[PDB]
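Residue numbers (the entry's author numbering), protein chains in the order written: chain S, 602 to 638; chain H, 702 to 751; chain W, 702 to 751.
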């Protein structure tokens with residue numbers, strides 16, 4: 602189980618975080634560019 | 702806190718996924734057979750000798 | 702946004718499902734064995750020579 606936790610944290614968690622951040626930053630720019638102050 | 706809790710959930714899911722199921726698909730049959738046989742013998746021993 | 706987030710979750714689930722578990726079921730044994738052996742040797746080297 603310790604091996605499982607370590608590998609889950611390192612191998613694919615950062616991969617998912619990168620993709621998730623990609624979509625998040627794209628949507629942040631798109632969403633906030635539309636707003637008018 | 703939230704992220705690590707999710708990681709524990711995921712890890713538990715994986716462990717139940719592979720190691721448990723691969724063994725279960727074979728062990729459950731035999732364990733049930735043993736339970737069935739022992740219940741049969743218990744029912745026998747309940748009755749009187751005659 | 703919501704649909705794509707769900708799709709990312711599903712995709713991550715699939716990737717952990719097949720590629721990770723098939724390899725893990727074999728690699729975890731060996732990695733644990735290496736950890737056990739290296740801890741044994743560390744404990745040895747902790748003690749004095751005599």
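In this text, a Cβ means the ideal position worked out from N, Cα and C, and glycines have one as well.
Check for me: the alpha helix (DSSP H) holding residue i runs from which residue to which?
i: residue 751(W); result: Note, residue 751(W): premise wrong, no alpha helix (DSSP H); not H, not E.
i: residue 635(S); result: 614 to 635
i: residue 706(W); result: 703 to 716
i: residue 604(S); result: 603 to 608
Between residue i and chain S, is any beta-carbon pair separated by less than 8 Å?
i: residue 737(W); result: no
Taking C-beta pairs closer than 7 Å, name the residues in chain W that residue i reaches, listed in chain order.
i: residue 604(S); result: 729, 732 and 733
i: residue 624(S); result: 705
I'd like to know whether the C-beta of residue i is nearer than 8 Å to at least one C-beta of chain W.
i: residue 633(S); result: no
Name the chain H residues whose beta carbon is nearer than 7 Å to that of residue i?
i: residue 610(S); result: 708
Quick one: list the residues of chain W neighbouring residue i, beta-carbon separation under 8 Å, in chain order.
i: residue 617(S); result: 709 and 713
Find the residues of chain W that neighbour residue i, judging by a C-beta separation of less than 9 Å, and give them in chain order.
i: residue 720(H); result: 722, 725, 726 and 729
Taking 8 Å as the CB-CB cut-off, is residue i touching chain H?
i: residue 717(W); result: yes
Inset, instruction - Evaluate the contact criterion for the stretch 717 to 725 of chain H versus the stretch 720 to 729 of chain W: three or more CB pairs, one atom per stretch, below 8 Å. - result: In short, these stretches touch, since the Cβ pair count reaches three.
Inset, instruction - Examine the Cβ distances between the stretch 703 to 711 of chain H and the stretch 727 to 745 of chain W and report whether three or more of them are shorter than 8 Å. - result: They do not touch, by the three-pair rule.
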